[PDB]
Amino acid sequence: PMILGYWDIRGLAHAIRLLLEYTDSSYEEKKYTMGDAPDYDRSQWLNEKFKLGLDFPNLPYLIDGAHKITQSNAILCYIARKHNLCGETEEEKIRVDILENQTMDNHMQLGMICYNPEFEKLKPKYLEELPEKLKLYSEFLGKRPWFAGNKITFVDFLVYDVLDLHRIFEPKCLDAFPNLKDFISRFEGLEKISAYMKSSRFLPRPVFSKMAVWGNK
């Protein structure tokens, strides 16, 4: 079956794993461990990095038959396209595209402070700006059941991840937005999602790699 390679971390693979499960895709995972101490040994990966036939060697990666894909969003689309989880109407496609990139932005933004040694200093400012960002997601969603519209698309998996990451980070952030809270519920309530969430496959943490000041383990 398909093989998903990534660190034994949640990181950028969370949405992919969720999507694979929601779609009944048969896959195996090649987990790569990183070294502890000051020598964050990545050799387990580096030593194999150029032996997989990947055009642009990177983690995560998905190998399906003759297709070797890298870059999160690319893998997400690859799978989504196989199950019609990309927009149908132009309007839907537009919303997918905007979000696909927007979520990647918000994700990296968080990533930058949790890897920066001076995390403690940056944290406050981040927390100040957080309500405005979250607000935007709320207003975008409005009263529809899913971000692209009336049907779940691969982006809901991305949005969910970003939201879940922030509730972990600052537990109270979603409170002022019942809109998002309901969304999270609708998502985790999906038969396949909850079924996966109660298995030994579920890897909700560590959030980031060993070399992070927050979310590591």
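The first residue of the sequence shown is number 1, and the count goes up from there.
Of the two stretches examined, 140-148 and 87-95, the record assigns the greater average C-alpha temperature factor to 87-95. Mean CA B-factor, 7-15 versus 203-211: the higher value falls on 203-211.
Across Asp175, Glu188, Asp182, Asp164, the entry's maximum B-factor at the CA atom is seen for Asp175.
Out of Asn116, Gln109, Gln71, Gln102, it is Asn116 whose C-alpha atom has the highest B-factor in the PDB entry.
Ranked by C-alpha B-factor against the other modelled residues of its chain, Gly65 falls in the middle third. Ranked by C-alpha B-factor against the other modelled residues of its chain, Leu134 falls in the middle third. Per the deposited record, the Cα B-factor of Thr153 falls in the lowest third when ranked against the other modelled residues of its chain. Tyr40 sits in the highest third of its chain by CA B factor, as recorded in the PDB entry. In this PDB entry, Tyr32 carries a Cα temperature factor that places it within the highest third of its chain's modelled residues.
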